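Text of the file work_26.pdb, holding PDB, C-alpha atoms:
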ATOM      1  CA  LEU A 152      -8.873  70.384-125.694  1.00  0.00           C
ATOM      2  CA  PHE A 153      -6.566  68.304-123.477  1.00  0.00           C
ATOM      3  CA  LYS A 154      -4.785  71.436-122.184  1.00  0.00           C
ATOM      4  CA  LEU A 155      -7.604  72.252-119.750  1.00  0.00           C
ATOM      5  CA  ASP A 156      -7.594  68.631-118.570  1.00  0.00           C
ATOM      6  CA  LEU A 157      -3.819  68.781-118.042  1.00  0.00           C
ATOM      7  CA  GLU A 158      -4.250  72.023-116.088  1.00  0.00           C
ATOM      8  CA  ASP A 159      -7.004  70.389-114.015  1.00  0.00           C
ATOM      9  CA  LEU A 160      -4.607  67.500-113.357  1.00  0.00           C
ATOM     10  CA  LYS A 161      -1.923  69.990-112.278  1.00  0.00           C
ATOM     11  CA  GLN A 162      -4.529  71.715-110.088  1.00  0.00           C
ATOM     12  CA  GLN A 163      -5.207  68.480-108.164  1.00  0.00           C
ATOM     13  CA  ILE A 164      -1.641  67.189-107.663  1.00  0.00           C
ATOM     14  CA  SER A 165       0.379  70.293-106.730  1.00  0.00           C
ATOM     15  CA  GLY A 166       1.183  71.021-103.100  1.00  0.00           C
ATOM     16  CA  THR A 167       2.175  69.211 -99.935  1.00  0.00           C
ATOM     17  CA  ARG A 168      -1.143  67.474 -99.222  1.00  0.00           C
ATOM     18  CA  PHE A 169      -1.246  65.108-102.213  1.00  0.00           C
ATOM     19  CA  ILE A 170       2.260  63.627-101.957  1.00  0.00           C
ATOM     20  CA  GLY A 171       1.828  62.981 -98.232  1.00  0.00           C
ATOM     21  CA  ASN A 172      -1.492  61.265 -98.926  1.00  0.00           C
ATOM     22  CA  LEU A 173       0.362  59.102-101.452  1.00  0.00           C
ATOM     23  CA  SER A 174       3.010  58.386 -98.802  1.00  0.00           C
ATOM     24  CA  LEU A 175       0.224  57.232 -96.485  1.00  0.00           C
ATOM     25  CA  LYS A 176      -1.450  55.097 -99.172  1.00  0.00           C
ATOM     26  CA  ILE A 177       1.744  53.304-100.202  1.00  0.00           C
ATOM     27  CA  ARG A 178       2.508  52.629 -96.527  1.00  0.00           C
ATOM     28  CA  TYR A 179      -0.997  51.181 -96.191  1.00  0.00           C
ATOM     29  CA  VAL A 180      -0.551  48.909 -99.202  1.00  0.00           C
ATOM     30  CA  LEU A 181       2.935  47.781 -98.089  1.00  0.00           C
ATOM     31  CA  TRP A 182       1.805  46.952 -94.547  1.00  0.00           C
ATOM     32  CA  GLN A 183      -1.390  45.342 -95.890  1.00  0.00           C
ATOM     33  CA  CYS A 184       0.653  43.102 -98.187  1.00  0.00           C
ATOM     34  CA  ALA A 185       3.221  42.371 -95.455  1.00  0.00           C
ATOM     35  CA  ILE A 186       0.562  41.615 -92.801  1.00  0.00           C
ATOM     36  CA  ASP A 187       1.151  37.916 -93.579  1.00  0.00           C
TER      37      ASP A 187
ATOM     38  CA  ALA B 345     -19.345  57.587 -75.510  1.00  0.00           C
ATOM     39  CA  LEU B 346     -20.603  55.606 -78.505  1.00  0.00           C
ATOM     40  CA  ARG B 347     -17.062  55.175 -79.873  1.00  0.00           C
ATOM     41  CA  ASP B 348     -15.843  53.947 -76.486  1.00  0.00           C
ATOM     42  CA  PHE B 349     -18.814  51.579 -76.203  1.00  0.00           C
ATOM     43  CA  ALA B 350     -18.625  50.170 -79.744  1.00  0.00           C
ATOM     44  CA  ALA B 351     -14.859  49.710 -79.431  1.00  0.00           C
ATOM     45  CA  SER B 352     -15.439  47.597 -76.313  1.00  0.00           C
ATOM     46  CA  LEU B 353     -18.053  45.633 -78.246  1.00  0.00           C
ATOM     47  CA  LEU B 354     -15.507  44.796 -80.951  1.00  0.00           C
ATOM     48  CA  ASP B 355     -13.222  43.236 -78.341  1.00  0.00           C
ATOM     49  CA  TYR B 356     -16.194  41.238 -77.046  1.00  0.00           C
ATOM     50  CA  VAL B 357     -16.688  39.630 -80.481  1.00  0.00           C
ATOM     51  CA  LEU B 358     -12.978  38.923 -81.000  1.00  0.00           C
ATOM     52  CA  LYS B 359     -13.196  36.684 -77.905  1.00  0.00           C
ATOM     53  CA  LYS B 360     -16.732  35.278 -78.212  1.00  0.00           C
ATOM     54  CA  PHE B 361     -15.732  33.781 -81.597  1.00  0.00           C
ATOM     55  CA  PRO B 362     -12.131  32.510 -81.386  1.00  0.00           C
ATOM     56  CA  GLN B 363     -12.852  29.801 -83.969  1.00  0.00           C
ATOM     57  CA  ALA B 364     -13.125  32.557 -86.596  1.00  0.00           C
ATOM     58  CA  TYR B 365      -9.611  33.809 -85.806  1.00  0.00           C
ATOM     59  CA  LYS B 366      -7.504  34.457 -88.925  1.00  0.00           C
ATOM     60  CA  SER B 367     -10.866  35.349 -90.530  1.00  0.00           C
ATOM     61  CA  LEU B 368     -11.965  38.410 -88.546  1.00  0.00           C
ATOM     62  CA  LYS B 369      -8.750  39.458 -86.853  1.00  0.00           C
ATOM     63  CA  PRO B 370      -6.910  40.342 -90.131  1.00  0.00           C
ATOM     64  CA  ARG B 371     -10.158  41.569 -91.715  1.00  0.00           C
ATOM     65  CA  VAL B 372     -10.925  44.004 -88.877  1.00  0.00           C
ATOM     66  CA  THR B 373      -7.324  45.167 -88.513  1.00  0.00           C
ATOM     67  CA  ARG B 374      -7.216  45.646 -92.301  1.00  0.00           C
ATOM     68  CA  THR B 375     -10.407  47.718 -92.083  1.00  0.00           C
ATOM     69  CA  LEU B 376      -8.856  49.830 -89.326  1.00  0.00           C
ATOM     70  CA  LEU B 377      -5.536  50.184 -91.170  1.00  0.00           C
ATOM     71  CA  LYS B 378      -7.418  51.157 -94.347  1.00  0.00           C
ATOM     72  CA  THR B 379      -9.653  53.699 -92.611  1.00  0.00           C
ATOM     73  CA  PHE B 380      -6.832  55.128 -90.461  1.00  0.00           C
ATOM     74  CA  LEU B 381      -4.179  55.801 -93.131  1.00  0.00           C
ATOM     75  CA  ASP B 382      -5.531  58.971 -94.739  1.00  0.00           C
ATOM     76  CA  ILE B 383      -5.787  62.727 -94.190  1.00  0.00           C
ATOM     77  CA  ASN B 384      -9.292  63.683 -95.335  1.00  0.00           C
ATOM     78  CA  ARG B 385     -11.292  62.104 -92.482  1.00  0.00           C
ATOM     79  CA  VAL B 386     -13.104  63.746 -89.567  1.00  0.00           C
ATOM     80  CA  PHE B 387     -11.668  63.526 -86.021  1.00  0.00           C
ATOM     81  CA  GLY B 388     -14.226  61.044 -84.678  1.00  0.00           C
ATOM     82  CA  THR B 389     -13.349  58.421 -87.279  1.00  0.00           C
ATOM     83  CA  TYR B 390      -9.689  58.694 -86.224  1.00  0.00           C
ATOM     84  CA  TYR B 391     -10.736  58.365 -82.574  1.00  0.00           C
ATOM     85  CA  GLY B 392     -12.773  55.251 -83.355  1.00  0.00           C
ATOM     86  CA  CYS B 393      -9.849  53.855 -85.358  1.00  0.00           C
ATOM     87  CA  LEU B 394      -7.382  54.386 -82.512  1.00  0.00           C
ATOM     88  CA  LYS B 395      -9.759  52.907 -79.933  1.00  0.00           C
ATOM     89  CA  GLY B 396     -10.265  49.877 -82.179  1.00  0.00           C
ATOM     90  CA  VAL B 397      -6.479  49.652 -82.333  1.00  0.00           C
ATOM     91  CA  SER B 398      -6.494  49.841 -78.519  1.00  0.00           C
ATOM     92  CA  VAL B 399      -8.908  46.902 -78.199  1.00  0.00           C
ATOM     93  CA  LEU B 400      -6.505  44.755 -80.201  1.00  0.00           C
ATOM     94  CA  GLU B 401      -3.346  43.397 -78.589  1.00  0.00           C
ATOM     95  CA  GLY B 402       0.256  42.448 -79.135  1.00  0.00           C
ATOM     96  CA  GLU B 403       2.461  42.861 -82.200  1.00  0.00           C
ATOM     97  CA  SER B 404      -0.457  44.208 -84.276  1.00  0.00           C
ATOM     98  CA  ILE B 405      -0.190  47.384 -82.189  1.00  0.00           C
ATOM     99  CA  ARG B 406       3.549  47.193 -82.907  1.00  0.00           C
ATOM    100  CA  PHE B 407       2.457  46.815 -86.544  1.00  0.00           C
ATOM    101  CA  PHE B 408       1.237  50.434 -86.349  1.00  0.00           C
ATOM    102  CA  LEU B 409       4.505  51.709 -84.856  1.00  0.00           C
ATOM    103  CA  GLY B 410       6.235  52.552 -88.135  1.00  0.00           C
ATOM    104  CA  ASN B 411       3.431  54.333 -90.002  1.00  0.00           C
ATOM    105  CA  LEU B 412       2.563  56.603 -87.046  1.00  0.00           C
ATOM    106  CA  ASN B 413       5.356  59.160 -87.529  1.00  0.00           C
ATOM    107  CA  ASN B 414       4.297  60.139 -91.050  1.00  0.00           C
ATOM    108  CA  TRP B 415       0.659  60.000 -89.940  1.00  0.00           C
ATOM    109  CA  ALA B 416       1.448  62.598 -87.266  1.00  0.00           C
ATOM    110  CA  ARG B 417       3.537  64.669 -89.704  1.00  0.00           C
ATOM    111  CA  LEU B 418       0.609  64.785 -92.125  1.00  0.00           C
ATOM    112  CA  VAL B 419      -2.321  65.203 -89.701  1.00  0.00           C
ATOM    113  CA  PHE B 420      -0.677  67.626 -87.235  1.00  0.00           C
ATOM    114  CA  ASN B 421       1.593  69.746 -89.525  1.00  0.00           C
ATOM    115  CA  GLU B 422       4.970  69.781 -87.783  1.00  0.00           C
ATOM    116  CA  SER B 423       6.618  71.263 -90.875  1.00  0.00           C
ATOM    117  CA  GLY B 424      10.003  72.036 -89.365  1.00  0.00           C
ATOM    118  CA  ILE B 425       8.697  72.865 -85.890  1.00  0.00           C
ATOM    119  CA  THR B 426      10.900  72.890 -82.774  1.00  0.00           C
ATOM    120  CA  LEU B 427       8.134  71.758 -80.310  1.00  0.00           C
ATOM    121  CA  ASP B 428       7.978  75.181 -78.603  1.00  0.00           C
ATOM    122  CA  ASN B 429       4.813  77.008 -79.779  1.00  0.00           C
ATOM    123  CA  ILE B 430       2.672  73.849 -79.885  1.00  0.00           C
ATOM    124  CA  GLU B 431      -0.232  75.337 -77.907  1.00  0.00           C
ATOM    125  CA  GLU B 432      -1.278  77.851 -80.599  1.00  0.00           C
ATOM    126  CA  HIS B 433       0.338  76.499 -83.779  1.00  0.00           C
ATOM    127  CA  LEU B 434      -2.251  74.175 -85.335  1.00  0.00           C
ATOM    128  CA  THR B 443      -4.757  73.038 -88.677  1.00  0.00           C
ATOM    129  CA  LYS B 444      -7.718  70.730 -89.240  1.00  0.00           C
ATOM    130  CA  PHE B 445      -8.565  70.158 -85.579  1.00  0.00           C
ATOM    131  CA  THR B 446      -9.076  72.270 -82.476  1.00  0.00           C
ATOM    132  CA  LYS B 447      -6.843  72.127 -79.386  1.00  0.00           C
ATOM    133  CA  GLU B 448      -9.126  69.863 -77.315  1.00  0.00           C
ATOM    134  CA  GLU B 449      -9.435  67.081 -79.881  1.00  0.00           C
ATOM    135  CA  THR B 450      -5.699  67.201 -80.650  1.00  0.00           C
ATOM    136  CA  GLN B 451      -5.098  66.720 -76.920  1.00  0.00           C
ATOM    137  CA  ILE B 452      -7.565  63.810 -77.037  1.00  0.00           C
ATOM    138  CA  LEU B 453      -5.614  62.314 -79.966  1.00  0.00           C
ATOM    139  CA  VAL B 454      -2.216  62.647 -78.252  1.00  0.00           C
ATOM    140  CA  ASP B 455      -3.786  61.140 -75.108  1.00  0.00           C
ATOM    141  CA  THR B 456      -5.382  58.190 -76.916  1.00  0.00           C
ATOM    142  CA  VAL B 457      -2.373  57.436 -79.131  1.00  0.00           C
ATOM    143  CA  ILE B 458      -0.364  56.637 -75.977  1.00  0.00           C
ATOM    144  CA  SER B 459      -3.365  55.111 -74.195  1.00  0.00           C
ATOM    145  CA  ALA B 460      -2.823  52.200 -76.604  1.00  0.00           C
ATOM    146  CA  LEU B 461       0.971  52.565 -76.838  1.00  0.00           C
ATOM    147  CA  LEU B 462       1.354  51.590 -73.163  1.00  0.00           C
ATOM    148  CA  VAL B 463       0.478  47.981 -74.061  1.00  0.00           C
ATOM    149  CA  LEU B 464       3.618  47.547 -76.184  1.00  0.00           C
ATOM    150  CA  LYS B 465       6.033  48.689 -73.437  1.00  0.00           C
ATOM    151  CA  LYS B 466       4.483  46.825 -70.484  1.00  0.00           C
ATOM    152  CA  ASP B 467       5.842  43.443 -71.630  1.00  0.00           C
TER     153      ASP B 467
END

So, in terms of structure tokens, how does the structure I just supplied come out?
Amino acid sequence: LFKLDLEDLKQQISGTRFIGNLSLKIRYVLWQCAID
Amino acid sequence: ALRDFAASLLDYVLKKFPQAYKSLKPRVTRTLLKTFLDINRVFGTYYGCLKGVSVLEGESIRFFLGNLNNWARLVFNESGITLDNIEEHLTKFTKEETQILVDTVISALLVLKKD
């Protein structure tokens, strides 16, 4: 039954919008760690 | 008007309580850096974030120099553009609030080049 869950995972990670949001979140966590 | 008033009430409480420095300066700039660094927010939250950045000072504003390019490339969609058809190109916002964002992002950037 995990095939529909894998297709729902592929439905929510494909495209330009998700990887750029990840690039914003990792920049947030790097600057938040390096704030001091 | 409420964003511009509440942003100039945050700067009033960063100076009324200087004994709590290093306990509400990094907390508030961490709140603003956490709320600012995303795509799925409405325009007014970004405006309040940038005005709260504006009512800070010094190297902290420089601390948002690096992560502004990718923020613009995600929120304004310059996917290979050559800066020519910018008036009628863009996707989340309208033209007026994008002009407000480009105005307010250098309304705070003037503090880092005046010293």

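The two atoms in question, atom CA of residue 432 of chain B and atom CA of residue 418 of chain B, are spaced 17.5 Å apart.
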
Checklist line | Residue list for chain B near chain A as a list in words, 10 Å, only C-alpha atoms | finding: residues 370, 373, 374, 377, 378, 379, 380, 381, 382, 383, 384, 404, 407, 408, 410, 411, 412, 414, 415, 417, 418 and 419 of chain B

Next item on the list: May I have the residues within 10 Å of residue 430 of chain B as a count of residues only, using only C-alpha atoms and disregarding those fewer than 5 positions away in the same chain?
Entry: 3

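The spacing separating atom CA of residue 459 of chain B from atom CA of residue 362 of chain B amounts to 25.3 Å.
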
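For the atom pair formed by atom CA of residue 409 of chain B and atom CA of residue 166 of chain A, the distance is 26.8 Å, given to one decimal.
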